[PDB]
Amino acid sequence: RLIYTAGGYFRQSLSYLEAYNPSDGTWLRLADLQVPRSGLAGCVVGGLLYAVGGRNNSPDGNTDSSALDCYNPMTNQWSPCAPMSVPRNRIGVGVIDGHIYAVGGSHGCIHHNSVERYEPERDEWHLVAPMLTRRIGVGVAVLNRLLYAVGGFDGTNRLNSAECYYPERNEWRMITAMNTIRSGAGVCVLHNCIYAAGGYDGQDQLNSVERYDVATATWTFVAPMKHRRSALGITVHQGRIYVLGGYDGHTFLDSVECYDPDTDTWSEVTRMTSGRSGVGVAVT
């Protein structure tokens, strides 16, 4: 299994699809995205890598994207899917029972609270209950088949609040808020906890990391990462967290850091071939 990073933005939206091999340290250059996109999200269903939403920021235009695209590692080809009902830049996504939930994001100055669900076996999107909060730059994680939306930016304020979607009741419920306000953080599930790493609080890019325990309903803070970063990509590979790229207020980072939970330590393990922020990332 490899860590795939798709899209991103290094002063313009990017088409790169690259795959990292934590074992031999190699970066594999795969098929370009059909359209350059940043602020997208990545996920995996079946063995298929999906790129969701984002925005095409190009020297001749600036269009937020409703698109869903599917990459097959067995053919090294991209294929389009049915698009979401609205464009969603700085989207969050989670996977539950083989269905892709697209959460939040922006379309122009519209900041979405709407959420929609993609079924790959019918190739179709349907709207579910909207969030309690408009969130762009929202982190999304799935724990025990419940969908968590964490932090983000509602158009006026950045958020430390988090809410939880129950698919069986089609309703959102507020949970305990994070310790720190974070937009553009990396949010993932590791072991049985939700991690929120980095982000932007409206004043500084953050290196802090905190994890939510459902049993205690408490957001604990763990060892901070080496480099402050917002709009970072994040994923879990072989029981460790990987954060990729991001923006630190000056530079688009190519640093990749890896978190080992048994030692509560962050290690810098590789550099991307080129610095970038707002990537989608997944493992397949």
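All residue numbers refer to positions in the sequence shown, first residue = 1. Note that the rigid core is defined as the largest set of C-alphas that superpose within 1.5 Å between two forms.
Displacement analysis by core superposition in 6 other deposited structures of this protein ranks 55-63 above the other of 55-63 and 31-39 in root-mean-square C-alpha distance from the shown form. Taking the PDB entry as given, 52-60 carries the higher mean Cα B factor of the two stretches 220-228 and 52-60. Looking at 186-194 and 154-162 together, the entry lists the larger mean B-factor for 186-194, computed on C-alpha atoms. When the C-alpha B-factors of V93, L206, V128, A82 are ranked from the entry, the top spot goes to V128.
For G239, the recorded CA B-factor ranks within the highest third of the chain. Only modelled residues enter the ranking. Per-chain ranking of the deposited C-alpha B factor places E116 in the lowest third. Among the modelled residues of the chain, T133 sits in the middle third by CA temperature factor in this PDB entry.
In this PDB entry, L40 carries a Cα temperature factor that places it within the lowest third of its chain's modelled residues. In the PDB entry, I175 places in the highest third of its chain by CA B-factor.
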